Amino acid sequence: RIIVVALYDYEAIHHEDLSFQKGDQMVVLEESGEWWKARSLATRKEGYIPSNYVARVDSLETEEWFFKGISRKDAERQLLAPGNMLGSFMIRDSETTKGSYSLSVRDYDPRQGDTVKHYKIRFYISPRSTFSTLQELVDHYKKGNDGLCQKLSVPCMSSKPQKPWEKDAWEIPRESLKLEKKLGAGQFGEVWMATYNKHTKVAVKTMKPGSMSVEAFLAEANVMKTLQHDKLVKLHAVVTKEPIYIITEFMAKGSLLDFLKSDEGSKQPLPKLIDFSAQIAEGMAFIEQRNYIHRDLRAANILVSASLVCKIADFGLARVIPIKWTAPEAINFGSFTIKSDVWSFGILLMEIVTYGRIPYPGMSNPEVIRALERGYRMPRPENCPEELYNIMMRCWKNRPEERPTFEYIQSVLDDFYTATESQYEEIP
């Protein structure tokens, strides 16, 4: 008899899912992935619940201040998000000391402004004050800072997680959709804001029948669906009948290119723009570690959510179906590799730092190609640190093997303002 408890309120929207309130307990009947069959102890109804909305009873996940499976950089991002203040905090799984926990606290440094400090929890942080439960640790630090940079106030604001997609609804009838608004149109099809079965806002890409094969196209979509990651747009479903429709999550702020050029985008200071680049590097490191290639990396194929999370779009599409973002080897010989993506990434970094200015402004494709062969590279723009420019330059090496890895770029971008020795605080 396995009893789970609700972390968030949920409102049913399908045929057989269950509504529940935060605090409601349920008995688990089947653990079938994204959706579990359960019986609500409150309503006595049997049905499907999102497995990410619940936790085992008495689990640390049930605590308002506990955040499971979250990295150091993820914790900084969640803590600096709108809704928090001095002393906002989380306990989380330690990223580097497997099996242990870490404490992250919102602080303010006179020079840098809002920062997040990290403390290893050993429970105790400092030998002087020992605690039996994590709850006890937390309770102490809320009334006076016993050597912490800032005393604990309220736990980090938790967002309600995205509903998983309907169960066993990877291939859907066209009838399930209403395409309400055309957002974009081009060579290979259109993108539409849409609703799936009344309840869910989605984005739909429509494909023009092409050189492509209907069956060959679906095999790629079918693999891409399995290559899931927090920094890759979520693939939800496909309509298999021509013309093929691809259904993804809807990204409220559209593309990064349009976002950067908007009034809101032009208000993002440099540290924010570096954080975007670091999110994109993290998606490309995942693609690199899996041994794939994107092949069409630029700001037009990055999407931004309402909370300013950046995600890579069209991973998969360019492998099925812009010379200013392309490495010279790939232009010259069609050698697309992860190294030619690293080149494109350098260009995208410059796009980000110049708020979506076109690369090589006032030069044509032919001029760019001839210039590059000469050793020309775009110069450092005005609001760009020297060290960010040196990253770009490493991305733009003529020899692809001399270009950094995404794993390495990601690590440099994530901690761009933080000395290594300083990732964790030290209290004797």
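For the two forms, the rigid core is made up of the largest set of C-alpha atoms that agree within 1.5 Å on superposition. Residues carry their position along the shown sequence, with the first being 1.
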**Study point:** Larger mean CA deviation from the shown form in 9 other deposited structures of this protein [core fit; 366-374 vs 36-44]
**Key:** 36-44
Exercise for review: Give, as the answer, the stretch of 309-317 and 343-351 that departs more from the shown form in 9 other deposited structures of this protein; the measure is RMS Cα distance after a core fit.
Suggested key: 309-317
Revision key, fill the gap. Here the number of deposited-sequence residues unresolved in the coordinates between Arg122 and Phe123 is 4 to 9
**Study point:** Chain break class for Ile321 to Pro322, judged by how many deposited residues have no coordinates
**Key:** 10 or more
Practice item. May I ask you to compare 142-150 and 188-196 by their mean CA B factor in the entry and name the higher one? Key: 142-150
Review point. Per the entry, where is the mean C-alpha temperature factor higher: 78-86 or 233-241?
Key: 78-86
Practice item. Sort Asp341, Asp114, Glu180, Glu249 by C-alpha B-factor from the entry and give me just the highest. Key: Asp114
Practice item. Taking the values exactly as deposited, rank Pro379 by C-alpha B-factor within its chain and report the matching third: lowest, middle or highest. Key: middle
Point to revise | Among modelled residues of the same chain, the CA temperature factor third for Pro385 | key: middle
Check your understanding: Mind checking which third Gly47 falls in for C-alpha B-factor across the chain?
Key -> lowest
Point to revise | Assigned third (lowest, middle, highest) for the C-alpha B factor of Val368 | key: highest
Exercise for review: Give the position of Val4 by CA B-factor within its chain, expressed as the lowest, middle or highest third.
Suggested key: lowest
